[PDB]
């Protein structure tokens, strides 16, 4: 009643707020160039008035999906983004130049100039995310007869990012939270996905990605090492416990609606992703006063990692939403399959929600299935109610919400917060993203090798966009 309604409304605010944070007509970000996604309009305490390759990549993939589903008015936004990326790719920065590491640079100034101070660089997820966002649009272009745009503009840009992923996946860098210098799950997971989908896209435009092909199975191989036997290790080279919403994000951003409950790829309904979900969420239950009194069967406010001290370490809107989004994704998957399986690995996850849980297979007409899917949906929705509870009255969503009183804190109107609302809502409604080919890319090689493949680098110039109609 309350929730369903709040969401319809929030989805509208979320779409507007996002556009307000994109140049060069964005109402909140005067100064940002055309196609530049600003993290937040907050210029002071904290200063988030920059454009991050990850943030923009995530937001744009979200907008691309809205567009393909009928939000035709987002066309110019997407086109501006792509054109801005042709320029950014060639900007010389502390990470290097186009062909010498430049692509791994985390953030840039909104005016498209390099950010030259000290930063946790490089961040190798960036290029994989940007490539995923473009491939989605490039697919639309091929399907609607704009073959030339797809082949001469998108492909060349994706080609750069994919060469980067193939070349450096096997090197340390900073995590998505920009603090741990090592090897991180999220990064590895989104890289694997980009290579696979880059390869298919390349073939579709009449070309190839030999380096996509040789490296994908190796990244997948390596990805298996993050499973500890209990949960997904967020990063190697860390002294933390390793329980981090990074791993939830990793699953949801690599969710393929055609995939079964594959452990190799950590799908939302995979026993490993389910076991992981409980361990990560449970880590926040006793550290936030806001969670005081809630039982193990109830949704709680979720932060990044239990050890977080950032602004004292508080719940984040996007983290809380990720916790719900994974569940909506699993429900979808179970429904499509027509069954749900409970294993020894996922028993704790299920039992906390449905105390009569026992291992076995449960068809969709079975009493147990109905019992579990209801409890799961209720649980997922509870995460969303927490968000509704703490959002501003006009719908404004901040980065964080206070661990004790739930007031909004840290960067205001965070673009990533709004994109996270949209995808969770979509998933809640059975609106899923296009497949990335997970079904021909979940086989793990017998032996993992520490390797790379060098692709090719070439600067792209976007002279003009054909007069596309949608």
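Numbering follows the first chain given and starts at 1.
- Look at the C-alpha B-factors of 4-12 and of 461-469. On average they run higher in 461-469.
- Averaged over Cα atoms, the B-factor as recorded in the entry is higher for 349-357 than for the other of 349-357 and 244-252.
- Of the candidates 181, 89, 210, 393, the deposited coordinates give 393 the top C-alpha B factor.
- The maximum CA B-factor among the listed residues 116, 333, 148, 225, taken from the PDB record, is found at 148.
- Placement of the Cα temperature factor of residue 76 within the chain: middle third of the modelled residues, per the deposited record.
- The deposited CA B-factor of residue 424 belongs to the middle third of values across its chain.
- Among all modelled residues in its chain, residue 285 ranks in the highest third by Cα B-factor.
- Among the modelled residues of its chain, residue 42 has a C-alpha B-factor that falls in the middle third according to the deposited record.
- The entry lists a Cα temperature factor for residue 64 that places it in the middle third of the chain's modelled residues.
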